[PDB]
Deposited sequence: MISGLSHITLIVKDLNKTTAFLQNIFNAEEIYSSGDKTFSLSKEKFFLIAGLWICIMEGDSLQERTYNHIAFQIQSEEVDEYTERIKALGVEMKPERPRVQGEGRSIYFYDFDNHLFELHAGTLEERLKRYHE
């Protein structure tokens, strides 16, 4: 059986920029970094966000924006908080349980969700 989630890898054009993004918004915690353009090895980093192993690799950004997305959990008391924090990165946002939708610099639609599965159904 599938023990659970291993990790999630995203491709981005600028690793440095995306990193600040993950650090400013998700408080991502870089734990690994590799790569060497002069040795023809793509650069990539591993971050930890709320216990999840997130890998970022440098490459081409999604050529288009779709509604496929990854959503992280936040308390409903912090919606306004995270909404303003995101509005501050210049990134474009797409204006029960309240949710915040926004893209990174590579067309990856992310969401900050207030509310859980249990609530969702019940």
item: Deposited positions lacking CA coordinates; value: 96-102, 130-133
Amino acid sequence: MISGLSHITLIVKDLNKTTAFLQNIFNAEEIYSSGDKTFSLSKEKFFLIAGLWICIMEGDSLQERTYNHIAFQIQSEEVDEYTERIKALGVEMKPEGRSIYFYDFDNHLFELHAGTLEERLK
From here on, numbers count along this sequence of modelled residues.
{"item": "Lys87 left out of the model in a third or more of other PDB entries", "value": "no"}
{"item": "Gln75 unmodelled in at least a third of other compared entries", "value": "no"}
{"item": "Per the entry, higher mean C-alpha B factor between 42-50 and 59-67", "value": "59-67"}
{"item": "Stretch with the higher entry mean CA B-factor, where the candidates are 23-31 and 84-92", "value": "84-92"}
{"item": "Where the record places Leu112 (Cα B-factor, split into thirds across the chain)", "value": "middle"}
{"item": "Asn16 by Cα B-factor - lowest, middle or highest third of the modelled chain", "value": "middle"}
